């Protein structure tokens, strides 16, 4: 480029910076092409072009001015890249702001989408504010290749689409530009199918939607509604390995954590809306907005000391009682809680408070509601046409056709969309088995095998691998968490090693072993010591997340206190012993709202949590217990650096079944960070109980779940114990401990203690 051109850009004299900035073809070679990417990055000293899907990264060079950058790259296609921008000591990674010079679909957009590889398809399908022919308006586009006609109906035309008939491109996608409308426009698509039947659909790629049970889509100027402040969070995330960090998740259903009064408006970020009543049966209650949740949930979680919030599905869904697991608006956060920018504010405030956001994401099916994706254009478009692979009959839902390019593209671009536009830090996928098996919940003679004669759903496996490959390429540092309940192998292993590419898997076996164990009267746990220890036998085959979820405190299963045997004191003590064991056992942690304060009732999705319980001491003490345990967890490296290495754990003794005692070490990089954990899972106290330890010295009683401030009896070792030179459990030294009833101790050597 010339210095004249560069200076036109620097000084805002250039007539159209997209001529020069962005990605431009320079020349074609025999088997490759030469491109240049240019960027004007005021205040950046350095920049790079990352090609994350090729695992490449190229520096940019200043050209004529220190903040004008160019990068020449030879490759056959340069469709997928990011800019890394360094401004002083800080780096950010962004999409190129000059990537798309028009709002309409290009030939290249259509080709990429037809092949299933358009990772940013949501920039062109849906509804986008823009300019065509010199006039501002909204561009709409929708994939409906077998429709006879499609028209845009909405507020702007009184729901009569005759003068807003779309134009079909390349026999596949319909488009229309509508001048002089903008964000907040309410619309649907009116489709006529091959039989002539006329019906109405919400936008598959819509970014916002009316409040259930109304279904119109709403235009969002998605890139001009919110200013983020989380660059330092995002940089730290990119440059860190979450597997080696504390990860303590507070699982939340946003619709049922806390309700407000329906007698007032729902406040939003700088505005308000009509209240959303929770149900006709509870009409004085309304949902809280994403704004109000930022103001209340976030400081609550920060005070409790969790590292992450995991949300049950927030994509738009028509029925509260699905809990979010039956989605019809994949590209929009539910309007129950306000607007897209209110959820952006929620995530930005989590990041400001050093809290990550994990979304439950639901790619496995969709319901049959007429407004949604079903039979979209008069053919089985999103779902497979064969009900033996295209329906989950026991659920009454439809299964995406994962092998169809445009359908795979809808879902793969959708997971990226939440990381891109909403900055989230992870996803969790429920019921991964539903996707992986062609015979899932199907009777003999009602499914067919794969091309090789097996029961593996090959197209679904390919799709899941693609999702996790892309996600970690574009957004290193995230969490991709699976619940898979059939022992499919290598769930949380890299795709190149034959894995599915998640980085964490819920340890459902552990959860069942634990909850079944603690439900047993303590005298009988001696016949079930194996429930305590078994899950370590397979532990290192996956990277496990120890999750006690919403699914375990519904449908007659009781909330945690109610699962426990004994009198009230003992029920609380069992909860504290179980959770202290959970937080000291190798693996990351997840627990669901209400578990942290001892709600007695099961979770009810139609009301809010029983907050009034926190007026009373026993509930206050249990919440203080979790607050302290989460603080300890973040403070003690041996509880998180080596979860997934042999080094990080070793049993001391797990043979004392008649007293339901087990003990173990956790370790980290520094030997002085090793912890001794001792568990007593009966109410019998032990005044003298010897435990083998590896070093001489004074072992401080770092945590004791029977402390009085947690509601316990305050039994224990009064600060700690000096080790005896008395060989025990095959170790050269040993502690003669007092074990409190229904309790866990954590001890730690203090090598500086004065004898």
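Residue numbers count along the first chain shown, from 1.
The deposited model assigns a higher average Cα B-factor to 271 to 279 than to the other stretch when 506 to 514 and 271 to 279 are compared.
Look at the C-alpha B-factors of 599 to 607 and of 210 to 218. On average they run higher in 599 to 607. Comparing C-alpha B-factors across 69, 48, 35, 726 in the deposited entry, the largest value falls on 726. In this structure the maximum Cα B-factor among 202, 335, 486, 543 is found at 486.
Residue 368 sits in the middle third of its chain by CA B factor, as recorded in the PDB entry.
The PDB entry assigns residue 417 a C-alpha temperature factor belonging to the lowest third of its chain's modelled residues. Compared with the other modelled residues of the chain, the Cα B-factor recorded for residue 308 ranks in the lowest third.
Among the modelled residues of its chain, residue 159 has a C-alpha B-factor that falls in the middle third, as given in the PDB entry. In this PDB entry, the Cα temperature factor of residue 570 sits in the middle third of its chain's modelled residues.
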